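Containing mmCIF, C-alpha atoms: work-v6.cif.
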```
data_target
loop_
_atom_site.group_PDB
_atom_site.id
_atom_site.type_symbol
_atom_site.label_atom_id
_atom_site.label_comp_id
_atom_site.auth_asym_id
_atom_site.auth_seq_id
_atom_site.Cartn_x
_atom_site.Cartn_y
_atom_site.Cartn_z
ATOM 1 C CA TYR X 1 97.949 -45.992 29.326
ATOM 2 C CA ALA X 2 98.809 -45.754 25.696
ATOM 3 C CA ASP X 3 100.158 -49.321 25.235
ATOM 4 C CA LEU X 4 97.045 -50.896 26.963
ATOM 5 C CA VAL X 5 94.993 -48.867 24.382
ATOM 6 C CA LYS X 6 97.259 -50.064 21.401
ATOM 7 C CA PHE X 7 96.972 -53.732 22.630
ATOM 8 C CA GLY X 8 93.173 -53.385 22.894
ATOM 9 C CA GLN X 9 93.025 -51.950 19.351
ATOM 10 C CA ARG X 10 94.981 -54.918 17.980
ATOM 11 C CA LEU X 11 92.661 -57.320 19.828
ATOM 12 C CA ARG X 12 89.643 -55.474 18.326
ATOM 13 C CA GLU X 13 91.076 -55.672 14.813
ATOM 14 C CA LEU X 14 91.785 -59.386 15.051
ATOM 15 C CA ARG X 15 88.331 -60.061 16.411
ATOM 16 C CA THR X 16 86.563 -57.880 13.892
ATOM 17 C CA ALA X 17 88.461 -59.416 10.894
ATOM 18 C CA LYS X 18 87.175 -62.829 11.947
ATOM 19 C CA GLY X 19 83.619 -61.452 12.182
ATOM 20 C CA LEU X 20 83.173 -62.176 15.884
ATOM 21 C CA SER X 21 81.231 -59.980 18.298
ATOM 22 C CA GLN X 22 82.645 -59.095 21.705
ATOM 23 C CA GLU X 23 80.022 -61.417 23.118
ATOM 24 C CA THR X 24 81.223 -64.417 21.010
ATOM 25 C CA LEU X 25 84.912 -63.771 21.691
ATOM 26 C CA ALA X 26 84.054 -63.600 25.427
ATOM 27 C CA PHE X 27 82.273 -66.986 25.210
ATOM 28 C CA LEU X 28 85.063 -68.606 23.217
ATOM 29 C CA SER X 29 87.721 -67.365 25.710
ATOM 30 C CA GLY X 30 85.700 -68.080 28.845
ATOM 31 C CA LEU X 31 85.561 -64.425 29.742
ATOM 32 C CA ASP X 32 82.981 -62.019 30.681
ATOM 33 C CA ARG X 33 81.637 -59.934 27.772
ATOM 34 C CA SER X 34 82.141 -56.591 29.556
ATOM 35 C CA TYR X 35 85.761 -57.606 30.567
ATOM 36 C CA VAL X 36 86.622 -58.265 26.843
ATOM 37 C CA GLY X 37 85.271 -54.916 25.963
ATOM 38 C CA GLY X 38 87.249 -53.271 28.783
ATOM 39 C CA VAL X 39 90.399 -54.889 27.483
ATOM 40 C CA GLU X 40 89.674 -53.640 23.920
ATOM 41 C CA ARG X 41 89.352 -50.114 25.409
ATOM 42 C CA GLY X 42 92.543 -50.228 27.518
ATOM 43 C CA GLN X 43 90.423 -50.180 30.745
ATOM 44 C CA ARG X 44 91.584 -53.453 32.109
ATOM 45 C CA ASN X 45 95.077 -54.898 32.756
ATOM 46 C CA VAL X 46 94.684 -58.257 31.221
ATOM 47 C CA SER X 47 96.455 -61.295 32.772
ATOM 48 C CA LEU X 48 98.731 -63.542 30.739
ATOM 49 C CA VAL X 49 96.433 -66.546 31.288
ATOM 50 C CA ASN X 50 93.652 -64.420 29.703
ATOM 51 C CA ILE X 51 95.805 -63.205 26.833
ATOM 52 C CA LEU X 52 96.336 -66.920 26.092
ATOM 53 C CA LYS X 53 92.588 -67.632 26.348
ATOM 54 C CA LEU X 54 91.925 -64.805 23.936
ATOM 55 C CA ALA X 55 94.643 -65.950 21.508
ATOM 56 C CA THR X 56 93.294 -69.496 21.547
ATOM 57 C CA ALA X 57 89.784 -68.142 20.830
ATOM 58 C CA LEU X 58 91.084 -66.117 17.849
ATOM 59 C CA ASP X 59 93.127 -69.130 16.654
ATOM 60 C CA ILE X 60 96.320 -67.099 16.613
ATOM 61 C CA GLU X 61 99.690 -67.365 18.444
ATOM 62 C CA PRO X 62 99.719 -64.903 21.365
ATOM 63 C CA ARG X 63 102.760 -63.136 20.003
ATOM 64 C CA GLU X 64 100.490 -61.750 17.258
ATOM 65 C CA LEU X 65 98.700 -59.622 19.846
ATOM 66 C CA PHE X 66 101.967 -57.817 20.350
ATOM 67 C CA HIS Y 1 92.894 -76.055 28.069
ATOM 68 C CA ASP Y 2 94.837 -75.414 31.137
ATOM 69 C CA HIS Y 3 96.490 -72.184 30.175
ATOM 70 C CA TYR Y 4 98.124 -71.747 33.621
ATOM 71 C CA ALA Y 5 100.439 -74.480 32.533
ATOM 72 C CA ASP Y 6 101.846 -72.196 29.898
ATOM 73 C CA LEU Y 7 102.940 -69.725 32.612
ATOM 74 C CA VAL Y 8 105.817 -72.096 33.202
ATOM 75 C CA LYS Y 9 106.943 -71.809 29.622
ATOM 76 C CA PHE Y 10 106.694 -68.042 29.732
ATOM 77 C CA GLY Y 11 108.691 -67.922 33.015
ATOM 78 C CA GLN Y 12 111.481 -70.000 31.443
ATOM 79 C CA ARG Y 13 111.531 -67.604 28.542
ATOM 80 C CA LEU Y 14 111.782 -64.639 30.780
ATOM 81 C CA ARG Y 15 114.667 -66.274 32.770
ATOM 82 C CA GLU Y 16 116.369 -66.950 29.250
ATOM 83 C CA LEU Y 17 116.114 -63.341 28.280
ATOM 84 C CA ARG Y 18 117.113 -62.031 31.722
ATOM 85 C CA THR Y 19 120.260 -64.305 31.710
ATOM 86 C CA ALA Y 20 121.064 -63.330 27.995
ATOM 87 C CA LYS Y 21 121.294 -59.755 29.350
ATOM 88 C CA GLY Y 22 123.414 -60.626 32.426
ATOM 89 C CA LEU Y 23 120.909 -59.380 35.042
ATOM 90 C CA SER Y 24 120.121 -60.747 38.305
ATOM 91 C CA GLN Y 25 116.434 -61.133 39.325
ATOM 92 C CA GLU Y 26 116.927 -58.229 41.770
ATOM 93 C CA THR Y 27 118.279 -55.998 38.994
ATOM 94 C CA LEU Y 28 115.566 -56.778 36.541
ATOM 95 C CA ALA Y 29 112.972 -56.114 39.361
ATOM 96 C CA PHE Y 30 114.544 -52.695 39.935
ATOM 97 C CA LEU Y 31 114.640 -51.799 36.329
ATOM 98 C CA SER Y 32 111.040 -52.872 35.730
ATOM 99 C CA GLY Y 33 109.755 -51.116 38.987
ATOM 100 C CA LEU Y 34 108.800 -54.458 40.415
ATOM 101 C CA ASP Y 35 110.146 -56.623 43.202
ATOM 102 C CA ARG Y 36 112.461 -59.576 43.305
ATOM 103 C CA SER Y 37 109.881 -61.956 44.835
ATOM 104 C CA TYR Y 38 107.276 -61.275 42.145
ATOM 105 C CA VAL Y 39 109.912 -61.561 39.286
ATOM 106 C CA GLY Y 40 111.087 -64.801 40.692
ATOM 107 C CA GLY Y 41 107.481 -66.036 40.987
ATOM 108 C CA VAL Y 42 106.856 -65.163 37.372
ATOM 109 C CA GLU Y 43 110.098 -66.990 36.186
ATOM 110 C CA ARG Y 44 108.791 -70.106 38.038
ATOM 111 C CA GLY Y 45 105.301 -69.949 36.563
ATOM 112 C CA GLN Y 46 103.786 -69.367 40.076
ATOM 113 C CA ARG Y 47 102.374 -65.899 39.501
ATOM 114 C CA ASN Y 48 100.080 -64.859 36.665
ATOM 115 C CA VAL Y 49 101.728 -61.795 35.276
ATOM 116 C CA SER Y 50 99.670 -58.847 33.974
ATOM 117 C CA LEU Y 51 100.067 -57.041 30.667
ATOM 118 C CA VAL Y 52 101.372 -53.865 32.268
ATOM 119 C CA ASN Y 53 104.034 -55.968 34.047
ATOM 120 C CA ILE Y 54 104.920 -57.861 30.838
ATOM 121 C CA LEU Y 55 105.516 -54.385 29.256
ATOM 122 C CA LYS Y 56 107.564 -53.201 32.247
ATOM 123 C CA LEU Y 57 109.763 -56.334 32.035
ATOM 124 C CA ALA Y 58 110.204 -56.021 28.251
ATOM 125 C CA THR Y 59 111.210 -52.310 28.695
ATOM 126 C CA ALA Y 60 113.750 -53.261 31.390
ATOM 127 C CA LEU Y 61 115.251 -55.937 29.163
ATOM 128 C CA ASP Y 62 115.250 -53.563 26.082
ATOM 129 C CA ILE Y 63 113.254 -56.035 23.997
ATOM 130 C CA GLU Y 64 109.996 -56.034 22.042
ATOM 131 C CA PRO Y 65 107.401 -57.719 24.199
ATOM 132 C CA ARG Y 66 106.663 -60.095 21.431
ATOM 133 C CA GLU Y 67 110.121 -61.866 22.088
ATOM 134 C CA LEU Y 68 108.602 -63.096 25.306
ATOM 135 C CA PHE Y 69 106.132 -65.161 23.358
#
```

As structure tokens, the full file:
Amino acid sequence: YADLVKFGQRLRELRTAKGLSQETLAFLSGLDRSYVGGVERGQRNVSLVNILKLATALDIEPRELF
Amino acid sequence: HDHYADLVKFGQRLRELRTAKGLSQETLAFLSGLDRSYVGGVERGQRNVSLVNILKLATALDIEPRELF
């Protein structure tokens, strides 16, 4: 799915701009490292509670992932 | 932080948008390819919606998914 791949690319860009590895974003969001990578690649169907964990880790409002 | 508490805020927002469009829960479930029980659960903060279902709901409402946040 194209939109799961566009959402994962936005997540990747926000993470990368802040200089965090996948491993660090996974720790900060309380997520498994491989699950964060699978979301970045559109290979997971992330829950809302985890979108909010990831937005809190990036210090951004969740709307900005959309 | 207890981010499941924020599901309640998102559910209220969805019910605001669904009512701003004049749809019943059953209509918005049909239009999003979902079911009335699950839509109602999400409006109440009692189900943890997925991204693909957030996009389905936004498509059915004819909004950008960002207006849900």

Among listed residues X:42, X:7, X:48, X:55, nearest residue 9 in chain Y (using all atoms listed in the file): X:48

Target residues per the PyMOL selection byres ((chain X) within 8 of (chain Y)), formatted as a PyMOL selection string: chain X and resi 4+45-49+52-53+62-64+66

Output C-alpha atoms for every residue in the selection just made, as a PDB file, in the frame of the given file.
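Just written: again-v4.pdb:
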```pdb
ATOM      1  CA  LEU X   4      97.045 -50.896  26.963  1.00  0.00           C
ATOM      2  CA  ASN X  45      95.077 -54.898  32.756  1.00  0.00           C
ATOM      3  CA  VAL X  46      94.684 -58.257  31.221  1.00  0.00           C
ATOM      4  CA  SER X  47      96.455 -61.295  32.772  1.00  0.00           C
ATOM      5  CA  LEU X  48      98.731 -63.542  30.739  1.00  0.00           C
ATOM      6  CA  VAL X  49      96.433 -66.546  31.288  1.00  0.00           C
ATOM      7  CA  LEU X  52      96.336 -66.920  26.092  1.00  0.00           C
ATOM      8  CA  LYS X  53      92.588 -67.632  26.348  1.00  0.00           C
ATOM      9  CA  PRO X  62      99.719 -64.903  21.365  1.00  0.00           C
ATOM     10  CA  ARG X  63     102.760 -63.136  20.003  1.00  0.00           C
ATOM     11  CA  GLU X  64     100.490 -61.750  17.258  1.00  0.00           C
ATOM     12  CA  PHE X  66     101.967 -57.817  20.350  1.00  0.00           C
TER      13      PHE X  66
END
```

Box for range 45-63 of chain Y - axis-aligned, 5 Å on each of the six sides, all listed atoms - centre and size in Å to one decimal, as AutoDock Vina command-line options.
```
--center_x 107.5 --center_y -61.1 --center_z 32.0 --size_x 25.6 --size_y 27.6 --size_z 26.1
```

Answer as a PyMOL selection string, residues within 12 Å of (113.4, -65.3, 28.2) using all atoms listed in the file: chain Y and resi 8-23+42-44+54+57-58+61+63-69

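Taking CA of residue 11 in chain X as the reference point, CA of residue 38 in chain Y is found at 27.0 Å.
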
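Here the PyMOL selection byres ((chain X and resi 12) around 10) catches exactly these residues: residues 6, 7, 8, 9, 10, 11, 13, 14, 15, 16, 17, 20, 21, 22, 36, 37, 39, 40 and 41 of chain X.
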
Coordinates-based distance that separates CA of residue 1 in chain X from CA of residue 60 in chain Y (Å, one decimal): 17.5 Å

Selection under test: the PyMOL selection byres ((chain Y and resi 32-36) around 8); residues as a count of residues only: 15

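Atom to atom, CA of residue 38 in chain X and CA of residue 41 in chain Y stand 26.9 Å apart.
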
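Between residue 2 in chain X and the candidates X:43, X:28, X:34, X:50, the tightest atom-to-atom separation, counting only C-alpha atoms, involves X:43.
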
For range 27-44 of chain Y, where the input has fewer atoms than it should, I would like N, CA and C atoms rebuilt and written as a PDB file, in the coordinates of the input.
```pdb
ATOM      1  N   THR Y  27     118.162 -57.103  39.965  1.00  0.00           N
ATOM      2  CA  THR Y  27     118.279 -55.998  38.994  1.00  0.00           C
ATOM      3  C   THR Y  27     117.146 -55.796  38.003  1.00  0.00           C
ATOM      4  N   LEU Y  28     116.652 -56.897  37.465  1.00  0.00           N
ATOM      5  CA  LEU Y  28     115.566 -56.778  36.541  1.00  0.00           C
ATOM      6  C   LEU Y  28     114.312 -56.286  37.306  1.00  0.00           C
ATOM      7  N   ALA Y  29     114.103 -56.686  38.570  1.00  0.00           N
ATOM      8  CA  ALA Y  29     112.972 -56.114  39.361  1.00  0.00           C
ATOM      9  C   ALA Y  29     113.169 -54.633  39.512  1.00  0.00           C
ATOM     10  N   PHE Y  30     114.406 -54.167  39.804  1.00  0.00           N
ATOM     11  CA  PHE Y  30     114.544 -52.695  39.935  1.00  0.00           C
ATOM     12  C   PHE Y  30     114.251 -51.919  38.683  1.00  0.00           C
ATOM     13  N   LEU Y  31     114.804 -52.405  37.580  1.00  0.00           N
ATOM     14  CA  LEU Y  31     114.640 -51.799  36.329  1.00  0.00           C
ATOM     15  C   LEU Y  31     113.216 -51.821  35.775  1.00  0.00           C
ATOM     16  N   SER Y  32     112.418 -52.804  36.214  1.00  0.00           N
ATOM     17  CA  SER Y  32     111.040 -52.872  35.730  1.00  0.00           C
ATOM     18  C   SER Y  32     110.094 -52.174  36.793  1.00  0.00           C
ATOM     19  N   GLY Y  33     110.606 -51.659  37.944  1.00  0.00           N
ATOM     20  CA  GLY Y  33     109.755 -51.116  38.987  1.00  0.00           C
ATOM     21  C   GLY Y  33     108.935 -52.163  39.764  1.00  0.00           C
ATOM     22  N   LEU Y  34     109.401 -53.362  39.749  1.00  0.00           N
ATOM     23  CA  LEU Y  34     108.800 -54.458  40.415  1.00  0.00           C
ATOM     24  C   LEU Y  34     109.589 -54.907  41.574  1.00  0.00           C
ATOM     25  N   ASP Y  35     109.371 -56.056  42.131  1.00  0.00           N
ATOM     26  CA  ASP Y  35     110.146 -56.623  43.202  1.00  0.00           C
ATOM     27  C   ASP Y  35     110.719 -57.974  42.960  1.00  0.00           C
ATOM     28  N   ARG Y  36     111.829 -58.327  43.654  1.00  0.00           N
ATOM     29  CA  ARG Y  36     112.461 -59.576  43.305  1.00  0.00           C
ATOM     30  C   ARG Y  36     111.562 -60.820  43.490  1.00  0.00           C
ATOM     31  N   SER Y  37     110.818 -60.837  44.603  1.00  0.00           N
ATOM     32  CA  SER Y  37     109.881 -61.956  44.835  1.00  0.00           C
ATOM     33  C   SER Y  37     108.889 -62.175  43.648  1.00  0.00           C
ATOM     34  N   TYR Y  38     108.256 -61.152  43.183  1.00  0.00           N
ATOM     35  CA  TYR Y  38     107.276 -61.275  42.145  1.00  0.00           C
ATOM     36  C   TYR Y  38     108.027 -61.760  40.845  1.00  0.00           C
ATOM     37  N   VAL Y  39     109.179 -61.098  40.514  1.00  0.00           N
ATOM     38  CA  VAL Y  39     109.912 -61.561  39.286  1.00  0.00           C
ATOM     39  C   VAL Y  39     110.279 -62.987  39.344  1.00  0.00           C
ATOM     40  N   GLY Y  40     110.800 -63.432  40.527  1.00  0.00           N
ATOM     41  CA  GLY Y  40     111.087 -64.801  40.692  1.00  0.00           C
ATOM     42  C   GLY Y  40     109.882 -65.705  40.566  1.00  0.00           C
ATOM     43  N   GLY Y  41     108.769 -65.304  41.174  1.00  0.00           N
ATOM     44  CA  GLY Y  41     107.481 -66.036  40.987  1.00  0.00           C
ATOM     45  C   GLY Y  41     107.071 -66.176  39.552  1.00  0.00           C
ATOM     46  N   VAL Y  42     107.242 -65.075  38.818  1.00  0.00           N
ATOM     47  CA  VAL Y  42     106.856 -65.163  37.372  1.00  0.00           C
ATOM     48  C   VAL Y  42     107.809 -66.097  36.643  1.00  0.00           C
ATOM     49  N   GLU Y  43     109.091 -66.087  36.929  1.00  0.00           N
ATOM     50  CA  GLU Y  43     110.098 -66.990  36.186  1.00  0.00           C
ATOM     51  C   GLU Y  43     109.758 -68.539  36.456  1.00  0.00           C
ATOM     52  N   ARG Y  44     109.206 -68.739  37.615  1.00  0.00           N
ATOM     53  CA  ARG Y  44     108.791 -70.106  38.038  1.00  0.00           C
ATOM     54  C   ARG Y  44     107.404 -70.514  37.603  1.00  0.00           C
TER      55      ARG Y  44
END
```
